[PDB]
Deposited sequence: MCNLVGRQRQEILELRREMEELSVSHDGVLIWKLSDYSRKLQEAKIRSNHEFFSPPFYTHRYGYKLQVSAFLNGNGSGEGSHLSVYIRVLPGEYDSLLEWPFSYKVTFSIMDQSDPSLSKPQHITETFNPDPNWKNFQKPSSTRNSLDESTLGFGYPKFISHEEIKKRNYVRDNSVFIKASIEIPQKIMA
């Protein structure tokens, strides 16, 4: 299956995944209709034979962010190499929404959060489903400022700290 081996060559470079959401305005409008409308990133591996992770977003917010914020979560997926890895998952995760301006002409102001995975979080235990994240990661009023939206797309970056 060429789709299935498509997914196995999805690996983060130095632990970094950048998820591009294009056609933001059309996707936001759909999210504002659907009460729990969640977009999912392509699966990515932390390192080559490591953990399979996936990022998701609620363009019109989840929980306390509903109607006011973009909510961002990450979750562990069942991976082909899980029985070789340490459990529970515990690498520190950092979320960013990118300020899309030229780093030479200004200093971009990315919005960033970082957490250390909770050892009791069910999803961070060895897969055999609720992801961890930020319901109020960035508000609709803030994402309209600077260049968090540009050419009608947004960039979510997830970066995992690998001890190497």
Segments lacking C-alpha coordinates (deposited sequence numbering, starting at 1): 1-13, 142-150, 187-190
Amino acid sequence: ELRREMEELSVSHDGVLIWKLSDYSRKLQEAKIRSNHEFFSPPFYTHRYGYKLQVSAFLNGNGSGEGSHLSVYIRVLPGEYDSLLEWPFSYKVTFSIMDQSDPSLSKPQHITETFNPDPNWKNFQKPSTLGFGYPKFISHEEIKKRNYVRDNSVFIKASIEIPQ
From here on, numbers count along this sequence of modelled residues.
Average Cα temperature factor in the PDB entry - higher stretch of 1-9, 154-162: 1-9
Higher-B stretch (mean Cα B-factor, as the entry records it), 67-75 or 89-97: 89-97
Selection by C-alpha B-factor (highest) of 56, 60, 123, 112: 123
Selection by C-alpha B-factor (highest) of 116, 139, 36, 41: 36
Assigned third (lowest, middle, highest) for the C-alpha B factor of residue 103: highest
Ranked C-alpha temperature factor of residue 127 among modelled chain residues, by third: highest
